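Residue numbers (the entry's author numbering), protein chains in the order written: chain B, 48 to 612; chain B', 48 to 612; chain A, 46 to 610. A prime marks a further copy of an entry chain.
C-beta atoms are modelled at their ideal positions from N, C-alpha and C, and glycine is treated no differently.
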Amino acid sequence: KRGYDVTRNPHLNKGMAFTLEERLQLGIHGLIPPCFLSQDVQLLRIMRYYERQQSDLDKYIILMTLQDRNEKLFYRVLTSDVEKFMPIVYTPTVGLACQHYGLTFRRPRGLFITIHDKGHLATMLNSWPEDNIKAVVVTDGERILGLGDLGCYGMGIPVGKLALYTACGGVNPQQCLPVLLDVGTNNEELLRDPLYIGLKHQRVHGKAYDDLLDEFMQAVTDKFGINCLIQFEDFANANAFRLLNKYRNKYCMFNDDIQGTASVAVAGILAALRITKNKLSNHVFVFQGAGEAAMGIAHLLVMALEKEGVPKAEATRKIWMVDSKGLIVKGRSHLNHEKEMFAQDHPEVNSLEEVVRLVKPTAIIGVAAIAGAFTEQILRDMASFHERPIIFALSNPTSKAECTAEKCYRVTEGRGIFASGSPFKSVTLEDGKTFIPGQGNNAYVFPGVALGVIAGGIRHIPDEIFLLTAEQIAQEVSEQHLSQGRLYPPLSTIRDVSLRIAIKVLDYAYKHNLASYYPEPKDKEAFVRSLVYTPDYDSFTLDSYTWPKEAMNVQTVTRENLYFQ
Amino acid sequence: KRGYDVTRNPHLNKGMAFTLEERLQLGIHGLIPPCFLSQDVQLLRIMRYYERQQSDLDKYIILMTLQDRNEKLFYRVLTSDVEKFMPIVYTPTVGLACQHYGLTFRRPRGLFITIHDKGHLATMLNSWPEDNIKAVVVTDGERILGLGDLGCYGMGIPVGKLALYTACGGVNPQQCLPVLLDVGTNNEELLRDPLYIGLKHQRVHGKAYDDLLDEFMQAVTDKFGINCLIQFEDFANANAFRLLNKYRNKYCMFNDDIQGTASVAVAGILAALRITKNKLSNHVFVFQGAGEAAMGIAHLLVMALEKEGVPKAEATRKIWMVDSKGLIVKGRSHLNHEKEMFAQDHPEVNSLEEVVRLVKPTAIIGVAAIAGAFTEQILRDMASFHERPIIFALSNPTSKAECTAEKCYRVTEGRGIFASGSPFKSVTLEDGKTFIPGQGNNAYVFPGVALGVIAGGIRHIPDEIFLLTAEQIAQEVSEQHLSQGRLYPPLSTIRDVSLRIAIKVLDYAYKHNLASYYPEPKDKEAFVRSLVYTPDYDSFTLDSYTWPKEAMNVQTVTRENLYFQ
Amino acid sequence: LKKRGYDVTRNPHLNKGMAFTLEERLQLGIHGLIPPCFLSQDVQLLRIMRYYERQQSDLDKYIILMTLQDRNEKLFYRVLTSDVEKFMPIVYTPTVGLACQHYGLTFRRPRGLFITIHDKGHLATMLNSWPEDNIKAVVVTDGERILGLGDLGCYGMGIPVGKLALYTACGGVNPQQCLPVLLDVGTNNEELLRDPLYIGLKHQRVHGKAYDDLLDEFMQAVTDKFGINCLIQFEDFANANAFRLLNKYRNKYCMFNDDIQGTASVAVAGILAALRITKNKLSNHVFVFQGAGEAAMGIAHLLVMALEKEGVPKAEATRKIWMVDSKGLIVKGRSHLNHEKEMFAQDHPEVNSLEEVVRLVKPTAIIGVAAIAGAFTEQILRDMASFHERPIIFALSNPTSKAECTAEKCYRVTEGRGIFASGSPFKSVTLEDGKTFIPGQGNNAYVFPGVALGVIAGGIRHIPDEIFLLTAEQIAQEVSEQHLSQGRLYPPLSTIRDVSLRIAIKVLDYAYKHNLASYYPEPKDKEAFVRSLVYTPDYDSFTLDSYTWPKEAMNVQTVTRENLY
């Protein structure tokens with residue numbers, strides 16, 4: 048692109064980083080002030096306004112304005128300190144900002160598709176100006192993590208998720224498309240909000256809903272190819288599982304709430320085995336919660352146990368799950384298809400405390416967002432049953448965590464192995480023992496998986512890919528980090544971690560004949576590195592060249608040399 | 048335009064005001080949330096965020112973001128209460144905001160042309176994407192009214208001035224181009240500012256400067272036509288006069304600081320004559336100040352006196368001017384070409400107070416921005432010399448006014464006729480007398496003059512046009528307003544006032560054979576009204592039609608009817 | 046964005062000329078550019094055909110068709126498919142070469158890419174000159190061996206243009222996805238080198254590593270931009286180069302050479318059809334080849350493959366083949382052999398003439414491809430008719446003037462018992478006794494359109510020789526029993542579209558069976574799949590996808606100042 052429109056193109060606009068020579072060649076000289084900045088200086092300038100904002104919501108606003116106008120500089124900001132900006136452009140800030148301010152994007156970021164557009168989704172996809180789309184993140188806004196039904200304001204979530212695709216993994220942002228499917232909302236505050244801009248009716252459900260999703264998957268792959276990655280985000284429990292099972296073997300599709308959480312949780316368990324120094328087959332798991340994340344984790348745990356030689360039915364019996372009605376047991380009321388798979392042969396048990404005492408688990412995993420569910424008695428019981436009990440308080444936000452890191456370490460007398468979904472600072476007990484608890488962040492998983500899937504044209508994503516990703520993450524943890532109680536690698540290394548995951552995923556796919564891209568690269572690291580997006584500005588070179596002087600003389604015909612021999 | 052780019056086009060983008068039918072016809076359905084708002088509702092929504100801003104600077108910022116994305120809605124805001132938003136998008140806020148924040152435009156608003164681009168201005172004009180430009184506002188940022196040398200940050204001033212062209216007069220904003228000429232800056236704070244984005248050297252001056260201005264006028268009229276209006280804004284004293292005299296008879300050009308201020312000041316004097324009930328020839332004027340505004344006013348006053356039958360040399364002697372060195376008298380030191388024209392045959396006089404006592408003027412006009420120059424003694428002297436003395440404290444801002452309205456009315460015992468450049472609230476004296484002092488706003492003049500000049504292709508703008516504009520403004524004042532002491536019509540009627548001025552200017556031009564547009568319209572009001580820009584959204588109609596059925600049948604040839612007779 | 050405005054009239058894929066309806070002209074914004082008559086495509090065809098039949102020569106008919114293809118692609122293929130047997134010799138062999146030799150390149154719209162040896166290192170940049178991004182088939186030549194004519198240098202661009210016309214007209218391959226390329230490395234044609242009007246490179250042909258490097262870069266650049274699945278067909282290369290490039294690329298790219306592999310498959314198809322007359326097996330036959338070039342090697346290798354399929358050991362199969370080059374019979378120990386010729390060397394004394402080889406070997410089939418006129422002498426034909434009841438006489442050399450013998454001479458000398466086929470079309474033959482024969486033509490168009498259609502439809506990554514053998518078996522079954530009784534070995538060219546479809550399906554079945562097809566999911570109904578991809582001369586629609594939402598839903602989504610609360 049050239050001319051005035053390049054300044055309005057977020058992928059190409061450099062602002063004052065355009066050199067004079069670049070402005071003249073593009074035909075834009077005069078549109079930009081007479082100063083030529085480096086991107087380092089641009090980062091300096093924008094960070095001054097970023098730090099002046101009084102709240103995380105206002106910092107998200109500033110960043111979205113920057114993404115609107117200069118994508119490269121936006122990712123220079125994000126990659127300058129990914130741990131600092133990840134909670135601003137994504138969870139938990141993105142949902143809070145969209146809940147409060149609505150959609151602040153002043154440049155269209157993706158597609159809003161409604162139930163009333165049924166039968167015309169193919170035409171709507173043609174509104175997006177990029178034809179080479181390789182990854183889609185879609186939501187219906189019904190189950191925004193930690194907030195619930197945000198309806199059409201849920202569009203902020205795929206936009207923020209895709210920013211982590213690029214910032215943490217290096218996925219080309221220009222090949223990425225966020226989509227909000229608006230079928231209504233059951234949030235009464237939104238339905239009665241004069242300023243709400245989504246469909247003001249209750250959510251369409253049943254097969255009419257499923258038909259819209261079917262046409263969406265068909266239209267996206269008709270236009271962008273069957274290889275296009277489609278990641279589902281923040282769907283409700285029942286819908287999430289039905290859609291995953293319906294599409295995962297027909298399309299290039301996964302659900303990060305089910306399968307990404309599974310991979311990062313199992314990665315923490317695998318790293319804890321390096322401390323407990325026992326086999327996975329010796330463990331007994333109690334789950335606090337039975338939703339999308341809990342089922343995904345339990346399913347991936349069973350697969351990990353099978354890898355160690357434990358038969359499936361025997362592996363399943365090592366898993367005990369507690370929902371809001373109590374222990375999930377055979378013949379109990381209020382069960383569904385997924386819950387029946389882990390139903391134990393045991394009488395009803397009402398409380399998690401009693402389940403812990405009856406089962407005596409080696410590991411407890413909470414994802415139910417019930418604050419304080421890991422009571423002092425539970426922590427005491429576990430520390431008495433086993434030398435090094437594993438305590439995973441994975442619920443978000445911090446106010447809904449099953450316990451704090453400090454309570455776990457204090458009550459277990461420094462022997463509990465802890466991980467959380469929320470960031471906890473270092474803990475120093477009274478006797479001097481220091482712990483650095485890790486955070487089970489989904490960003491350890493989906494950037495590298497997406498990068499490898501996109502790089503190789505991986506047709507479908509079996510759960511073995513999420514299991515090998517968990518295994519790669521667990522080995523990123525150094526021996527010194529383990530001695531500090533850290534079960535996850537530093538988030539500051541996420542781009543290197545995602546790159547190594549992408550390579551392992553790509554290698555797995557070629558060996559299983561799942562990759563569509565050919566020829567198979569001999570050097571997979573070099574191949575994937577060549578697709579990693581950098582915040583560095585590109586260069587508009589002209590690729591000028593000449594022919595040899597003798598060639599140009601004989602090929603240039605004039606009246607003087609027309610009859611030369 | 049159609050497709051995704053219409054959402055990025057400020058002139059065509061309606062945002063959520065696009066109906067579903069419009070989105071489908073433009074091929075943008077899906078890029079916009081599934082709600083269809085009226086412009087009234089859009090105005091409601093944006094005004095909520097506008098009123099939440101804590102300062103005028105922040106309100107200017109919000110408005111510039113809106114102008115960046117939706118020009119029609121921007122002018123709906125401005126025209127909703129023009130008196131409220133004029134001081135935000137223009138003086139005094141625009142200069143303060145640009146001084147503090149720099150240039151906040153995230154969409155290019157015009158052209159930055161530097162002295163180092165000499166010889167290539169024609170190429171730079173091709174960077175602007177609009178080919179049909181009919182009005183240019185240019186500055187070099189040296190004398191921003193009330194602030195001084197803002198260098199390249201002066202670009203905000205032509206951008207804000209053009210907003211008043213459109214909001215107050217109805218000039219088509221798409222045909223308007225703001226230009227900043229950067230020749231350097233002598234503001235030491237800017238030269239040492241790490242964040243300053245203009246040329247970091249002192250101002251180029253002399254003929255090298257004049258050569259750049261010559262090439263600018265040549266390039267603009269070469270590309271857009273010799274009829275293109277070029278308005279000079281916020282140039283320094285000497286440059287402003289030299290450039291006006293050099294270009295006003297060669298191009299379609301005026302300087303609003305010299306000639307616009309002149310017209311609005313004379314309009315106030317003419318309206319005061321309706322109260323003093325005497326002839327202009329009976330007046331004696333003392334000027335506090337001798338810069339651009341003072342000279343423009345004095346020159347237009349002489350022309351008004353000539354119209355009443357007073358010969359020029361005799362008319363000039365009714366004008367006494369005081370600069371910072373004292374009364375301008377023949378043979379005095381520190382005089383220039385303009386000052387010598389009004390030099391009186393009198394010994395040197397140091398102070399304005401003594402000049403008032405020696406001259407006993409009927410009217411005093413201050414534009415020198417010296418606070419309190421109209422002392423209690425001056426006001427007392429004038430009220431003793433004449434029944435209804437005219438007191439024009441025209442300097443900006445309020446803190447630099449020669450006196451307040453209340454001081455004028457109190458000291459003159461309610462007999463002084465007052466106007467100011469700054470807004471003063473109503474004044475009620477102790478004896479019950481109430482006054483509503485008017486503000487001599489330049490926006491009474493340049494919108495209507497520009498609208499008439501553009502509508503008619505008026506080749507040059509003689510000062511008679513500014514004199515007839517003053518006469519039109521003075522007659523807009525109602526008899527009831529005069530009894531309240533108001534010398535100017537309400538600013539809420541500015542669009543109607545500008546329209547009547549444009550018609551009178553257009554009529555003058557055709558009678559003097561100055562208008563280029565032909566044929567001469569018989570109904571000039573209807574003609575000008577047809578060019579007035581409204582904040583109303585336009586409509587993308589398809590203009591579909593059919594031929595008569597018999598025509599379509601005979602003109603449609605098939606194998607079946609090929610040989611019909 | 047769908048193409049609109051004046052440019053659609055210059056778009057050969059979309060321009061309909063006067064077949065644009067009034068509704069379409071207004072929708073596209075082109076009304077006024079076209080005369081005021083609305084023609085059906087049938088009437089357009091009638092109009093162009095009257096001008097076509099008025100041309101006095103095949104060369105002039107070619108020029109008329111080329112100016113039509115320049116302006117209206119759909120009407121062009123309406124003409125071609127109205128009688129493909131009539132127009133095939135006009136747009137391709139033999140007319141295309143004679144036309145380009147005489148007139149040069151008459152295209153007035155750019156048809157493809159001229160890439161020269163002097164452009165080495167910049168081929169990726171040159172591909173970006175072609176305005177179509179979605180290319181699925183490339184036909185490339187260096188013009189060295191135009192069939193029947195020799196070295197035409199850069200005038201050889203006509204051959205890929207004409208070849209691709211047959212892809213679409215004969216097979217139904219989408220023409221918009223097709224790209225012809227001329228590689229200019231010079232020419233050894235002395236008439237072109239001394240012609241002041243020649244527009245190619247004016248030097249002898251560059252050979253050696255620089256030539257090979259250019260071809261390597263061409264294959265890399267084409268597949269880098271359009272994908273590794275892009276079909277690349279080599280045409281009219283010199284014999285040594287053609288074989289060497291085929292072996293280098295056929296397992297790395299989706300590539301084949303029609304002069305070698307297409308000729309082999311159609312020749313074997315004729316032999317297999319002759320078996321339905323001789324009513325014996327392929328292993329009962331003994332082949333003598335007049336000519337030992339690479340086209341003869343192509344036929345010989347495919348024959349050995351067909352013999353192995355019958356169960357003949359490879360060594361036994363190869364000994365059924367006797368080849369005669371310019372030096373005589375290829376025997377063991379003979380001088381002037383080469384690597385490929387020694388594979389078919391027989392343990393036999395040296396024999397100088399083809400006539401003596403025929404008498405000593407007594408072949409059941411003789412195949413001439415050496416382009417030696419009259420090589421099948423009366424003695425050879427008389428001997429064949431006395432050795433076997435129904436000898437096979439294949440005079441496949443081109444052009445007609447260099448055929449080994451005419452159809453009349455074969456039928457007369459063999460007393461009506463010889464089974465004849467040629468590469469040139471011979472008319473019907475009636476001997477003096479009344480016996481009538483209809484000799485068939487071994488046209489490469491029986492092969493490459495269906496192969497290309499199936500390869501492109503399935504994303505078949507490489508084209509093994511098994512595909513050309515099964516294509517030959519399909520063609521041999523197409524001939525009716527009645528046509529065999531008349532001496533016809535090939536199906537009527539008027540059925541080529543149906544034959545091509547059946548070949549494409551068989552190729553697709555084979556590819557999915559052996560994991561060669563990259564398109565997924567594998568279609569259950571291969572016939573319906575391919576039919577959906579076949580291009581038709583029917584003009585495409587411009588129906589706008591407009592619709593409304595339910596009335597109540599749209600009312601709730603429509604927000605005004607009145608219904609805001």
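Check, Outcome
"Taking just the CA atoms, how far does B'/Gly463 sit from B'/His528?", "15 Å"
"Straight-line CA distance for B/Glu511 to B/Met350?", "8 Å"
"On a Cα-Cα basis, can you pick out the residue from A/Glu236, A/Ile316, A/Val333, A/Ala182 that is closest to A/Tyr298?", "A/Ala182"
"Spell out a yes or no on whether the region 449 to 461 of chain B' and the region 470 to 487 of chain B' are touching, meaning 3 or more CB-CB pairs, one atom from each, closer than 8 Å.", "yes"
"Quick test of your reading: B'/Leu514 and B'/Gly315, contact by CB under 8 Å. State the CB separation rounded to the nearest angstrom.", "Not really, about 14 Å apart at Cβ, beyond 8 Å."
"In chain B', which residues lie less than 7 Å from B/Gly74 when you measure between Cβ atoms?", "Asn173, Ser174"
"Quick one: Cα of residue 47 of chain B to Cα of B'/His58, how far?", "A question about residue 47 of chain B goes unanswered here, because the residues of chain B that appear run from 48 up to 612."
"Quick check on DSSP: helix, strand or coil for residue 34 of chain B'?", "For residue 34 of chain B' there is no data in the structure shown, the boundaries of chain B' being 48 and 612."
"Check whether the Cβ of A/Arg457 lies closer than 6 Å to any heavy atom of the ligand FAD, and answer yes or no.", "Annotation note on the ligand FAD: not contained in the displayed structure, which lists no ligands."
"Could you tell me which chain B residues have their CB closer than 9 Å to the CB of A/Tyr557, listed as they occur along the chain?", "What A/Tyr557 touches in chain B: nothing, since even the nearest Cβ is about 14 Å away."
"Pull up the CB-CB distance for B'/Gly195 and B'/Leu227, whole angstroms please, since I reckon it's below 8 Å.", "16 Å between Cβ atoms; not a contact."
"Expressed to the nearest angstrom, what Euclidean distance is found between the alpha-carbon atoms of B'/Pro225 and B'/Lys131?", "23 Å"
"Answer with yes or no whether the minimum CB distance from A/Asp52 to chain B' is below 7 Å.", "no"
"Output needed for B'/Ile305: all residues of its chain with C-beta closer than 8 Å, excluding positions within five of it in sequence on either side, in chain order.", "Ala287, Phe288, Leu291, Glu339, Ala340, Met342, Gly343"
"Taking 7 Å as the CB-CB limit, is A/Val406 close to chain B?", "no"
"Would you grab the beta carbon distance between B'/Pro220 and B'/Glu118 for me? Rounded to a whole angstrom, and I think it's under 8 Å.", "6 Å"
"Give the secondary structure of B'/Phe389 by DSSP, where H, G and I count as helix, E and B as strand, and everything else as coil.", "coil"
"Tell me the rounded alpha-carbon separation between B'/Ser473 and B'/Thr323.", "21 Å"
"Return yes when the Cβ of B'/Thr308 is within less than 7 Å of the Cβ of B'/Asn489, no when it is not.", "yes"
"Chain B' beta carbons: is any one of them nearer than 7 Å to that of A/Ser85?", "yes"
"Considering only C-alpha positions, which residue in the set B/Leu538, B/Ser442, B/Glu567, B/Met202 is nearest to B/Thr151?", "B/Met202"
"Helix, strand or coil for B/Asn296? Go by DSSP, reduced to three states.", "coil"
"So with CB distances below 7 Å, who are the chain B' contacts of B/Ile244?", "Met63, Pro80, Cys82"
"Quick one: which unbroken beta strand (DSSP E) runs of 3-plus residues sit fully inside the region 559 to 588 of chain A? Chain order, please.", "none"
"Could you pull out every residue in the same chain whose Cβ sits closer than 8 Å to the Cβ of B/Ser563, ignoring the five residues on either side in sequence?", "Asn274, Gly503, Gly504, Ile505, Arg506"
"With 16 as the cutoff for other CB atoms within 10 Å, does A/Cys82 come out buried or exposed?", "exposed"
"Threshold first: 4 residues or longer. Then list the alpha helix (DSSP H) segments lying entirely within the region 344 to 427 of chain B, N to C.", "359 to 363, 384 to 388, 399 to 406"
"Can you check DSSP and say which residues form a bridge with B/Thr475?", "B/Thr481"
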